[PDB]
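Q: Below is one structure. I have some questions about it.
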Amino acid sequence: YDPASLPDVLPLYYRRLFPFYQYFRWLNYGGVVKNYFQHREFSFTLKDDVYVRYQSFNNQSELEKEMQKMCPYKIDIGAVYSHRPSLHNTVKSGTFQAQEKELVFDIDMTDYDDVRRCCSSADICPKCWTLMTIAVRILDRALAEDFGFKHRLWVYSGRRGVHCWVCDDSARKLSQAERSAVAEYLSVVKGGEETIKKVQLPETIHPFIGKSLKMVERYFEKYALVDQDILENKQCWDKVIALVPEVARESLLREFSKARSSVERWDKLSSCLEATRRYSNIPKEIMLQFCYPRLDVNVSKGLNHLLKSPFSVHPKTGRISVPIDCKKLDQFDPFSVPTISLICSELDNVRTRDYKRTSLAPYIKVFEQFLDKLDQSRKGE
Amino acid sequence: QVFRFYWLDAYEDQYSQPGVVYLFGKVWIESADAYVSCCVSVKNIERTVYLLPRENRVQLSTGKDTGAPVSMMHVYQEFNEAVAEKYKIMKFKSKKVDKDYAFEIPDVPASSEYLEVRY
Amino acid sequence: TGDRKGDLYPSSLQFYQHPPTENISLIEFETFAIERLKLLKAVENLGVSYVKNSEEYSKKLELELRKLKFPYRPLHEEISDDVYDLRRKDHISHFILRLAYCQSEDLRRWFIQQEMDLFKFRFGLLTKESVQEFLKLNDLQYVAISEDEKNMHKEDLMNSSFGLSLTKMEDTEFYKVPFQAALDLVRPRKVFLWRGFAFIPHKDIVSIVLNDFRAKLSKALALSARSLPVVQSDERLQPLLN
Amino acid sequence: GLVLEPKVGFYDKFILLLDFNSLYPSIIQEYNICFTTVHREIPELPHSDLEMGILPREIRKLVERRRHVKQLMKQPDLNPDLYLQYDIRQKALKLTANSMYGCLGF
Ligand SMILES: [Zn+2]
């Protein structure tokens, strides 16, 4: 993909591929609340990194128009305000307030850098994507069981991670404090680059942590012991040794000198820890420190946060921010995600059904199913 | 010719002479090498008025909103037709201005566009 | 309900939401004001001297409430006239003290603290039935879980509440609250969440109730401080309240 | 205006007089009270998120100008004529700042 080719393709996509009808269905939420779509904030990033916010639109036609006119490189969705953002200058000071917004989570592979060995920075590979695969299951289950949020849209971020939009009416009316509470409840791996032991579970395992460890276990052997090989050599297993009390460290080292496979080393570590009881949760702390999602509480706390819009185009990879089907999560491949260049090649190879002829169709289908569920909830209620 | 003078006082008589204000002060005279009192009359100070547009046209007889969005051309037309002639106003200059208002009158937006009429 | 009573005072505890509308005497005004001042000062002194969970605190506070004749215990008999009188006292005295304790932020804080303490004590003396009655009368709509559902989530409940023993847990009943009200509990993960509801034992619930109470009370005090000029003109009540 | 009524009596100890004439301008500055920041019962205080209003800005300008003039006056070895000018200017600034409240109150 040639990023100099981005300015050539962006218009066509925004003209014949961007799913505006479903997009308006989403952000309009069945028209129940008046001025809901009209008070939504958008922000655009144009060529040469020119940023504009407090953009609002009257209806789908105005949005389609101004978007096709501007051809933005980035589209971010923001809060629904007390008035129309376009007229925020006209609103008396203090009377312009963000009132409702989806509850959103951003999980970014870059935040896992201190604990992955295959890639670094913005590089991803099939060996590390399983971490995202774990996160979506660990988090989404909580959101479906502990909090009872029923309408959850998971979206690929385009490069390094995934976003989650929780769109239940209750989740859209949550205050800042309630959002911060939700984020802290879901958050376990606490600390920066200056801390080595980032998980310190108490004697009692809270049911949520038990279910997160249960989800982790299913994948741990493949991710950590086979793929990541977190015990390949001394430079790496020294870390895991650094994560357990010194008392057994020596006892482990000799054992790790006689083990040929990291699965064997994990068995040995588990046996040694079991023999050594307050430390019976130490293996769980290691698993969490290598597998549990990291959440930027600043992303989810603030109501006025602008997050990458679904079906955006990644300025560098060119991939489309496509929704991820929860059931088919295990089959999701971030490298097969349609790029803008591929879908423009597909478009120029054959009115409201043009996208069905591209590789974008199944993802718009997943989005349509999610919107159908939202409509059913709006009606039934 | 430029007349330089230091002004101290002003007087206005709204009822007697409309649009004229007198300024009293000091003017330097070289022929006398001294400052002398001077009065300067400033005339043709135009009344400036600001008309606040409505959101939707309202029938004053019934007081019911007609639902027609009111652009400033509508306000200009209403002033030229009804207000201008009904109050014996012959010549005036209209303009569109953006002004703020944060004082004690209900139903005036903080910031809005007004029709500025000078006559 | 002898002569001029009504359903105005259903339960002992109240959030003090609706101001009184009666015409009382100056003597009654002064007596109620001073009596509640004594009660609040006793609360403050006992809080300083003893731990609020201590049994000495409870005994001394009950003695003071009995001495000053304020409602502190329920009665599963009916609304007896005497009981009504006591409740009326409480309701009027509270608002009088509001008028006394809204002039300065310091005073406000003091008042709030004492009131909260008293409320907590009274809640601590409420039987489960009475507790539910209260939670209904004020539209708090907190549901007491069934025994069957409790057995259904027995292990989850056991691992949720810190320091809860198996049998002791069997001896306890929880409440279902929307998680938006248990922020302070959920945030450090000390209460189980299931389907948007937290399962709060009989000990933590008071906390949420108190939070609500405090919010309301602070708002009320602000409003009272905003309505002070109307009262300063009444010389009769100026020496007292000021 | 609240008055702490005089405590009538005789005092043989030193008595301190503090001038609070700058009370109301100070309140206007600190709480950001303005025609543009307060909704119109006593209105609630404006949120701290709001930027400074026009009237607080004018009061702040006057106070800062008086501070600057006083600082210049503190400079030693200054012309007495300029000293008199600065003293008069400082007095005028103080008078204006203290009289500002009358615009809102009367
Ligand atoms: Zn990798």
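Chain lettering (A, B, ...) mirrors the order of the structure tokens, residue numbering begins at 1 for each chain separately, and ligand numbering begins at 1 in order of display.
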Check which residues of chain A sit at most 8 Å from ligand 1 using only C-alpha atoms and all ligand atoms, and return one row each with the closest pair of atoms and their distance in Å to one decimal, ordered by chain and rising number, as CSV.
A:
```
residue,atom,partner,partner_atom_place_in_ligand_line,distance
A:116,CA,ligand 1,1 (Zn),7.4
A:117,CA,ligand 1,1 (Zn),7.1
A:118,CA,ligand 1,1 (Zn),4.2
A:119,CA,ligand 1,1 (Zn),4.3
A:120,CA,ligand 1,1 (Zn),7.5
A:123,CA,ligand 1,1 (Zn),6.7
A:124,CA,ligand 1,1 (Zn),4.5
A:125,CA,ligand 1,1 (Zn),3.7
A:126,CA,ligand 1,1 (Zn),6.0
A:127,CA,ligand 1,1 (Zn),4.9
A:128,CA,ligand 1,1 (Zn),4.1
A:129,CA,ligand 1,1 (Zn),6.8
```
Q: Report as a tab-separated table: every residue of chain A with an atom at most 8 Å from chain B, its closest pair of atoms, and their distance in Å to one decimal, counting only C-alpha atoms, with rows sorted by chain and ascending residue number.
A:
```
residue	atom	partner	partner_atom	distance
A:89	CA	B:111	CA	7.6
A:90	CA	B:111	CA	5.0
A:91	CA	B:110	CA	6.5
A:92	CA	B:110	CA	5.6
```
Q: Can you write just those residues out, N, CA, C and O atoms, as a CSV table (one decimal), in the first residue's frame?
A:
```
chain,number,residue,atom,x,y,z
A,89,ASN,N,-20.0,28.3,20.1
A,89,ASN,CA,-19.7,29.7,20.3
A,89,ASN,C,-20.9,30.5,20.8
A,89,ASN,O,-20.7,31.5,21.5
A,90,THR,N,-22.1,30.1,20.4
A,90,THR,CA,-23.3,30.8,20.7
A,90,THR,C,-23.9,30.5,22.1
A,90,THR,O,-24.8,31.1,22.5
A,91,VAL,N,-23.4,29.4,22.7
A,91,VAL,CA,-23.9,28.9,23.9
A,91,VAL,C,-23.2,29.6,25.1
A,91,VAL,O,-22.0,29.8,25.1
A,92,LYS,N,-24.0,30.0,26.1
A,92,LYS,CA,-23.4,30.8,27.2
A,92,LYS,C,-22.5,30.0,28.0
A,92,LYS,O,-22.7,28.8,28.3
```
Q: As a JSON list (two decimals) with N, CA, C and O atoms, in the first residue's frame, please: every residue in range 7-73 of chain D that a backbone DSSP assignment puts in helix (DSSP H, G or I).
A:
```json
[["chain", "number", "residue", "atom", "x", "y", "z"],
["D", 23, "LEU", "N", -13.20, 43.96, 49.48],
["D", 23, "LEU", "CA", -13.85, 42.67, 49.67],
["D", 23, "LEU", "C", -14.65, 42.25, 48.44],
["D", 23, "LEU", "O", -14.52, 41.12, 47.96],
["D", 24, "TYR", "N", -15.47, 43.14, 47.91],
["D", 24, "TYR", "CA", -16.41, 42.78, 46.86],
["D", 24, "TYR", "C", -15.70, 42.60, 45.52],
["D", 24, "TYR", "O", -15.99, 41.64, 44.79],
["D", 25, "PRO", "N", -14.80, 43.51, 45.13],
["D", 25, "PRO", "CA", -13.98, 43.21, 43.94],
["D", 25, "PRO", "C", -13.21, 41.91, 44.07],
["D", 25, "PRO", "O", -13.08, 41.17, 43.08],
["D", 26, "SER", "N", -12.70, 41.61, 45.26],
["D", 26, "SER", "CA", -11.99, 40.35, 45.45],
["D", 26, "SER", "C", -12.93, 39.16, 45.26],
["D", 26, "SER", "O", -12.54, 38.15, 44.66],
["D", 27, "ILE", "N", -14.15, 39.26, 45.77],
["D", 27, "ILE", "CA", -15.12, 38.18, 45.58],
["D", 27, "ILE", "C", -15.43, 38.01, 44.10],
["D", 27, "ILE", "O", -15.47, 36.88, 43.58],
["D", 28, "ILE", "N", -15.60, 39.12, 43.39],
["D", 28, "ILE", "CA", -15.91, 39.06, 41.96],
["D", 28, "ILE", "C", -14.78, 38.38, 41.21],
["D", 28, "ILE", "O", -15.02, 37.55, 40.32],
["D", 29, "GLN", "N", -13.53, 38.73, 41.53],
["D", 29, "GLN", "CA", -12.41, 38.09, 40.86],
["D", 29, "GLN", "C", -12.36, 36.60, 41.18],
["D", 29, "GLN", "O", -12.31, 35.76, 40.29],
["D", 30, "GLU", "N", -12.37, 36.27, 42.48],
["D", 30, "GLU", "CA", -12.08, 34.90, 42.89],
["D", 30, "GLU", "C", -13.14, 33.93, 42.40],
["D", 30, "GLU", "O", -12.81, 32.84, 41.92],
["D", 54, "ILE", "N", -15.80, 39.32, 31.60],
["D", 54, "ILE", "CA", -15.37, 40.67, 31.27],
["D", 54, "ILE", "C", -15.18, 41.51, 32.53],
["D", 54, "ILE", "O", -14.16, 42.18, 32.70],
["D", 55, "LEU", "N", -16.17, 41.49, 33.42],
["D", 55, "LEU", "CA", -16.08, 42.30, 34.64],
["D", 55, "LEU", "C", -14.94, 41.84, 35.53],
["D", 55, "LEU", "O", -14.18, 42.70, 36.02],
["D", 56, "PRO", "N", -14.78, 40.55, 35.82],
["D", 56, "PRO", "CA", -13.58, 40.12, 36.55],
["D", 56, "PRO", "C", -12.30, 40.52, 35.86],
["D", 56, "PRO", "O", -11.32, 40.86, 36.53],
["D", 57, "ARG", "N", -12.27, 40.48, 34.53],
["D", 57, "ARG", "CA", -11.07, 40.89, 33.81],
["D", 57, "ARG", "C", -10.77, 42.37, 34.04],
["D", 57, "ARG", "O", -9.61, 42.75, 34.23],
["D", 58, "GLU", "N", -11.79, 43.22, 34.03],
["D", 58, "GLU", "CA", -11.57, 44.64, 34.28],
["D", 58, "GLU", "C", -11.07, 44.87, 35.70],
["D", 58, "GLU", "O", -10.14, 45.66, 35.92],
["D", 59, "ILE", "N", -11.68, 44.20, 36.68],
["D", 59, "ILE", "CA", -11.23, 44.38, 38.06],
["D", 59, "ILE", "C", -9.79, 43.89, 38.22],
["D", 59, "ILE", "O", -8.97, 44.53, 38.88],
["D", 60, "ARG", "N", -9.47, 42.76, 37.59],
["D", 60, "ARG", "CA", -8.10, 42.25, 37.64],
["D", 60, "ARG", "C", -7.13, 43.22, 37.00],
["D", 60, "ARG", "O", -6.02, 43.42, 37.50],
["D", 61, "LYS", "N", -7.52, 43.82, 35.87],
["D", 61, "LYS", "CA", -6.66, 44.80, 35.22],
["D", 61, "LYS", "C", -6.39, 45.98, 36.14],
["D", 61, "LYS", "O", -5.25, 46.43, 36.25],
["D", 62, "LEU", "N", -7.42, 46.48, 36.81],
["D", 62, "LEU", "CA", -7.22, 47.60, 37.72],
["D", 62, "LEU", "C", -6.29, 47.22, 38.87],
["D", 62, "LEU", "O", -5.37, 47.97, 39.22],
["D", 63, "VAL", "N", -6.52, 46.05, 39.47],
["D", 63, "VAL", "CA", -5.69, 45.63, 40.59],
["D", 63, "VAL", "C", -4.24, 45.46, 40.16],
["D", 63, "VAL", "O", -3.31, 45.89, 40.86],
["D", 64, "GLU", "N", -4.02, 44.83, 39.01],
["D", 64, "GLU", "CA", -2.66, 44.61, 38.54],
["D", 64, "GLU", "C", -1.98, 45.92, 38.18],
["D", 64, "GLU", "O", -0.78, 46.09, 38.40],
["D", 65, "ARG", "N", -2.73, 46.87, 37.61],
["D", 65, "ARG", "CA", -2.16, 48.17, 37.32],
["D", 65, "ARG", "C", -1.73, 48.87, 38.60],
["D", 65, "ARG", "O", -0.65, 49.48, 38.66],
["D", 66, "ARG", "N", -2.56, 48.81, 39.64],
["D", 66, "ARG", "CA", -2.18, 49.41, 40.91],
["D", 66, "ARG", "C", -0.95, 48.73, 41.48],
["D", 66, "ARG", "O", -0.06, 49.39, 42.03],
["D", 67, "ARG", "N", -0.87, 47.40, 41.37],
["D", 67, "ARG", "CA", 0.31, 46.69, 41.85],
["D", 67, "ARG", "C", 1.56, 47.15, 41.10],
["D", 67, "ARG", "O", 2.61, 47.38, 41.72],
["D", 68, "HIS", "N", 1.47, 47.28, 39.78],
["D", 68, "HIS", "CA", 2.61, 47.71, 39.00],
["D", 68, "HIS", "C", 3.04, 49.12, 39.38],
["D", 68, "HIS", "O", 4.24, 49.41, 39.51],
["D", 69, "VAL", "N", 2.07, 50.02, 39.56],
["D", 69, "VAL", "CA", 2.40, 51.39, 39.92],
["D", 69, "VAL", "C", 3.06, 51.44, 41.29],
["D", 69, "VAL", "O", 4.02, 52.17, 41.51],
["D", 70, "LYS", "N", 2.54, 50.65, 42.23],
["D", 70, "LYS", "CA", 3.15, 50.60, 43.56],
["D", 70, "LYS", "C", 4.57, 50.05, 43.50],
["D", 70, "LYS", "O", 5.46, 50.57, 44.17],
["D", 71, "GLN", "N", 4.79, 49.02, 42.68],
["D", 71, "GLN", "CA", 6.13, 48.48, 42.53],
["D", 71, "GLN", "C", 7.08, 49.52, 41.97],
["D", 71, "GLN", "O", 8.22, 49.65, 42.44],
["D", 72, "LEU", "N", 6.63, 50.28, 40.97],
["D", 72, "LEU", "CA", 7.47, 51.35, 40.45],
["D", 72, "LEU", "C", 7.75, 52.40, 41.52],
["D", 72, "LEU", "O", 8.85, 52.95, 41.59],
["D", 73, "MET", "N", 6.76, 52.69, 42.36],
["D", 73, "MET", "CA", 6.96, 53.65, 43.44],
["D", 73, "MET", "C", 8.00, 53.14, 44.44],
["D", 73, "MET", "O", 8.78, 53.93, 44.97]]
```
Q: Name the residues in contact with range 32-44 of chain C at a cut-off of 8 Å, using only C-alpha atoms, excluding same-chain residues fewer than 2 positions from it; report them as number ranges by chain.
A: C: 28-30, 46-48, 61, 64-65, 68, 89-90, 92-94, 96-97, 114-115, 117-118
Q: What does the structure give for the distance between CA of residue 248 in chain A and CA of residue 280 in chain A, in Å to one decimal?
A: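 Calculated distance between CA of residue 248 in chain A and CA of residue 280 in chain A is 13.1 Å.
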Q: So, counting only C-alpha atoms, which residue among B:81, B:9, B:113, B:107 is closest to chain D?
A: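 Nearest candidate to chain D out of B:81, B:9, B:113, B:107: B:107.
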Q: Within 8 Å of chain C, which residues of chain A show up? Give each one with its shortest atom-to-atom distance in Å (one decimal) and the two atoms involved, counting only C-alpha atoms, rows by chain then rising residue number, as JSON lines.
A:
```
{"residue": "A:144", "atom": "CA", "partner": "C:195", "partner_atom": "CA", "distance": 7.3}
{"residue": "A:145", "atom": "CA", "partner": "C:195", "partner_atom": "CA", "distance": 5.3}
{"residue": "A:146", "atom": "CA", "partner": "C:194", "partner_atom": "CA", "distance": 4.3}
{"residue": "A:147", "atom": "CA", "partner": "C:196", "partner_atom": "CA", "distance": 3.9}
{"residue": "A:148", "atom": "CA", "partner": "C:195", "partner_atom": "CA", "distance": 4.1}
{"residue": "A:149", "atom": "CA", "partner": "C:196", "partner_atom": "CA", "distance": 7.7}
{"residue": "A:177", "atom": "CA", "partner": "C:183", "partner_atom": "CA", "distance": 7.8}
{"residue": "A:178", "atom": "CA", "partner": "C:180", "partner_atom": "CA", "distance": 6.1}
{"residue": "A:180", "atom": "CA", "partner": "C:187", "partner_atom": "CA", "distance": 7.9}
{"residue": "A:181", "atom": "CA", "partner": "C:187", "partner_atom": "CA", "distance": 4.7}
{"residue": "A:182", "atom": "CA", "partner": "C:187", "partner_atom": "CA", "distance": 7.0}
{"residue": "A:184", "atom": "CA", "partner": "C:187", "partner_atom": "CA", "distance": 5.6}
{"residue": "A:185", "atom": "CA", "partner": "C:187", "partner_atom": "CA", "distance": 5.2}
{"residue": "A:204", "atom": "CA", "partner": "C:159", "partner_atom": "CA", "distance": 6.3}
{"residue": "A:205", "atom": "CA", "partner": "C:159", "partner_atom": "CA", "distance": 6.6}
{"residue": "A:206", "atom": "CA", "partner": "C:159", "partner_atom": "CA", "distance": 5.7}
{"residue": "A:207", "atom": "CA", "partner": "C:156", "partner_atom": "CA", "distance": 5.9}
```
Q: When you count only C-alpha atoms, which of these residues is closest to residue 138 in chain C: C:88, C:76, C:219, C:18?
A: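 Counting only C-alpha atoms, the residue closest to residue 138 in chain C is C:18.
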Q: Using only C-alpha atoms and a distance of at most 12 Å, pull out the residues of chain D that contact chain C, as a VMD selection string.
A: chain D and resid 1 to 5 41 to 45
Q: With N, CA and C atoms retained, write the just-selected residues as a PDB file, in the first residue's frame.
A:
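Output file result_36.pdb follows:
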```
ATOM      1  N   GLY D   1     -25.836  43.921  53.945  1.00  0.00           N
ATOM      2  CA  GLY D   1     -24.497  43.610  54.406  1.00  0.00           C
ATOM      3  C   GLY D   1     -24.466  43.174  55.857  1.00  0.00           C
ATOM      4  N   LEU D   2     -23.911  41.992  56.107  1.00  0.00           N
ATOM      5  CA  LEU D   2     -23.838  41.482  57.468  1.00  0.00           C
ATOM      6  C   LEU D   2     -22.955  42.380  58.319  1.00  0.00           C
ATOM      7  N   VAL D   3     -23.396  42.630  59.547  1.00  0.00           N
ATOM      8  CA  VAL D   3     -22.659  43.450  60.498  1.00  0.00           C
ATOM      9  C   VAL D   3     -22.428  42.623  61.750  1.00  0.00           C
ATOM     10  N   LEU D   4     -21.165  42.470  62.126  1.00  0.00           N
ATOM     11  CA  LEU D   4     -20.814  41.912  63.426  1.00  0.00           C
ATOM     12  C   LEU D   4     -20.982  43.035  64.436  1.00  0.00           C
ATOM     13  N   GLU D   5     -22.072  42.988  65.197  1.00  0.00           N
ATOM     14  CA  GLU D   5     -22.462  44.139  65.991  1.00  0.00           C
ATOM     15  C   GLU D   5     -21.350  44.511  66.969  1.00  0.00           C
ATOM     16  N   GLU D  41     -34.094  34.103  44.703  1.00  0.00           N
ATOM     17  CA  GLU D  41     -33.127  33.013  44.678  1.00  0.00           C
ATOM     18  C   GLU D  41     -31.752  33.530  44.273  1.00  0.00           C
ATOM     19  N   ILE D  42     -30.721  33.060  44.967  1.00  0.00           N
ATOM     20  CA  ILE D  42     -29.345  33.468  44.703  1.00  0.00           C
ATOM     21  C   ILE D  42     -28.738  32.474  43.715  1.00  0.00           C
ATOM     22  N   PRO D  43     -28.230  32.921  42.566  1.00  0.00           N
ATOM     23  CA  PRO D  43     -27.689  31.968  41.591  1.00  0.00           C
ATOM     24  C   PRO D  43     -26.468  31.244  42.135  1.00  0.00           C
ATOM     25  N   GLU D  44     -26.271  30.019  41.656  1.00  0.00           N
ATOM     26  CA  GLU D  44     -25.128  29.219  42.067  1.00  0.00           C
ATOM     27  C   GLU D  44     -23.838  29.778  41.473  1.00  0.00           C
ATOM     28  N   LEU D  45     -22.728  29.483  42.142  1.00  0.00           N
ATOM     29  CA  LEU D  45     -21.443  29.995  41.696  1.00  0.00           C
ATOM     30  C   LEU D  45     -21.075  29.394  40.342  1.00  0.00           C
TER      31      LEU D  45
END
```
Q: Please find the residues of chain A near chain D - the criterion being any atom within 10 Å, counting only C-alpha atoms - and write them as a ChimeraX atom specification.
A: /A:92-95
